[PDB]
Amino acid sequence: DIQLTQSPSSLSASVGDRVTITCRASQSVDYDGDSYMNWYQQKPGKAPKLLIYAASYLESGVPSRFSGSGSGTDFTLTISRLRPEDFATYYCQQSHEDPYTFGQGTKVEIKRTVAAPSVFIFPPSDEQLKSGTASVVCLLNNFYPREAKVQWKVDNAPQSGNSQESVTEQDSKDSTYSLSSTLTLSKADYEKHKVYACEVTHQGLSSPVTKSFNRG
Amino acid sequence: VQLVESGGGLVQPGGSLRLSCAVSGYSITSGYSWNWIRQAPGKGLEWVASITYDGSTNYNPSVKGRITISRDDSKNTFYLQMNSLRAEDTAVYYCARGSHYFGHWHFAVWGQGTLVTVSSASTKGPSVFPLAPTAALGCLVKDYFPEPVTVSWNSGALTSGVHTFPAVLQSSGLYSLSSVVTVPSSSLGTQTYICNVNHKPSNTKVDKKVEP
């Protein structure tokens, strides 16, 4: 089959930047003077959207900041001035020979200034405790870059192994992330301790920030 | 024109998948190709099958032998069947409509996809708990299988400041997720906040009021 290799596999660029991504096919996708390479954009959770067909033609309605070029084996997609909503994975795809094949994708992330998170802590609901388990949630909201550390403490004792984290995809308007960390304990174990705290480290914070509550 | 896939959800290993895609009725289907394209979780896109106006089929050799694509124009519907399912077959399956460029096809219209999960486990619906209260509030959607769950707030009227987190797979083998929103703290005693949770595999629809 025809193999498509995209470069780079990921990039970070600021709002306004000119972004170029490349696709190299393992053989020519030209036939009779035209080049059968298309490009798609896929935002998180959504289906792909056609941007460019036949190497250089914009699908009608696609914004004019997108353009494509190339021939034979070598193709490029350019975003002339990146917008925050352009965060997505971009795929090339050849329609020259069956089976039609896609590149592995290039993830475009927006670079922006560092922003410390705001931090919120939530005790388990009484409805969950009635059911036998306690989930304690620590939320880090609207921060950049993605890297952050959250450490749980229970009556001051540092915890490990009993929490799980989830991070949002980059936001399409402000280019920040949010993160949740959930500490999970039985109702019996939760009720044996008083102070629950989450301690957050991030580049935008000169020292760690703790949020806590007293059970009850 | 809209393409809407159905038939996703859990399928046993070794079993069969039967998907359908319903196309807006006004649309005429003959000048187009009709395709299935799949995306395993975290991976790229794989074209698997197509059909054209005269019933001619084409299959990716990666699955050829256990796949069939078919059409019922009387319902403006196309179908995919796959047999002998295995783990590589867990994926979002998209239907896509091809348009011509000089005799070849490009995928100009896509459905929104349906997740097929190949697993012997049972479906389980979530519990929904409040994360009570700029202020932050939310809903925790715990212990469901398979994916996905969708969350909206105030029936889709509240969108700014919403973050619905990707689900995490817990050690139990069940998923959990939370959805949070930051709102003006002054708006808290006056405005109602309801999280609308849907887990279609278990026919769970919950509208949970989150109060302070």
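Only this structure's heavy atoms are used, side chains among them; waters, hydrogens and symmetry mates stay out. Protein chains get the first letters and strands the later ones, always in sequence-line order, with residue 1 at the start of each.
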**OP:** Give a yes/no verdict on a cation-pi contact between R71(B) and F78(B), requiring under 6.0 Å between NZ or CZ and the six-membered ring centre and an angle within 45° of the axis.
**Re:**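 Negative - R71(B) is either too far from the ring of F78(B) or too far off its axis.
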With distance as the sole test, does [X] use its side chain to make a donor-acceptor pair with the main-chain N or O of [Y] at under 3.5 Å?
X	Y	value
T90(B)	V118(B)	yes
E5(B)	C95(B)	yes
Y100(A)	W105(B)	yes
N38(A)	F107(B)	no
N83(B)	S16(B)	no

Going by the rule ring pair (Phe, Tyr, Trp, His ring centres under 6.0 Å), which residues pair with [X] if we only count those two or more places apart in sequence or in a different chain?
X	answer
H163(B)	none
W39(A)	none
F122(A)	none

Original post:
Should the pair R65(A)-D86(A) be classified as a salt bridge under the 4.0 Å nitrogen-to-oxygen rule?
Top reply: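 Yes, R65(A) and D86(A) are salt-bridged.
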Original post:
Charged N to carboxylate O below 4.0 Å: is that the case for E85(A) and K173(A)?
Top reply: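 Between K173(A) and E85(A) there is no salt bridge, as every charged N stays at least 4.0 Å from the carboxylate O atoms.
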[atom1]-[atom2] distance between [X] and [Y], expressed to the nearest 0.5 angstrom:
X	Y	atom1	atom2	answer
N162(A)	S186(A)	CG	OG	11.0 Å
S163(A)	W152(A)	OG	CH2	8.0 Å
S178(B)	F129(B)	OG	CZ	13.5 Å
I52(A)	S69(A)	CD1	OG	10.0 Å
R66(B)	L17(B)	CZ	CG	10.0 Å
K111(A)	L82(A)	NZ	CG	11.0 Å

Got a sec: does the [atom1] of [X] have more than 12 other heavy atoms crowding it under 6.0 Å?
X	atom1	answer
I28(B)	CD1	no
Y57(A)	OH	no
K124(B)	NZ	yes
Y32(B)	OH	no

**OP:** Determine, stepwise, if the pair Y53(A) / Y101(B) fulfils ring pair (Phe, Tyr, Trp, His ring centres under 6.0 Å).
**Re:** CA-CA 8 Å; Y53(A) 64 89; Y101(B) 185 84; 5.7 Å; yes
Going by the rule side-chain hydrogen bond (donor to acceptor under 3.5 Å, both in side chains), which residues pair with [X] if we only count those two or more places apart in sequence or in a different chain?
X	value
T76(A)	none
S33(B)	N35(B)
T101(A)	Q94(A)

**OP:** Please report the C-alpha distance between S178(A) and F165(B) in whole Å, then the side-chain angles of each, then the deciding distance to 0.1 Å, and finally whether the side-chain contact (heavy atoms from CB on, under 4.5 Å) criterion is met.
**Re:** CA-CA 8 Å; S178(A) 296; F165(B) 287 92; 3.9 Å; yes
**OP:** Mind telling me whether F213(A) and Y196(A) have parallel, tilted or perpendicular rings, with 30° and 60° as the class edges?
**Re:**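 Parallel.
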Subject >> Name of the residue among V151(B), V206(B), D207(B) meeting side-chain contact (heavy atoms from CB on, under 4.5 Å) with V128(B) >> reply: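 Going through the options one by one, the only one that passes is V206(B).
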**OP:** Might you point out which heavy atoms bring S122(B) and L10(B) nearest each other, and give the distance in Å?
**Re:**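 Where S122(B) meets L10(B) most closely, the heavy atoms are C-CD1, 4.0 Å.
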**OP:** Work out which heavy atom in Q104(A) is nearest to a heavy atom in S9(A); give both atom names and the distance.
**Re:**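 The pair with the smallest heavy-atom distance is NE2-OG, 3.2 Å.
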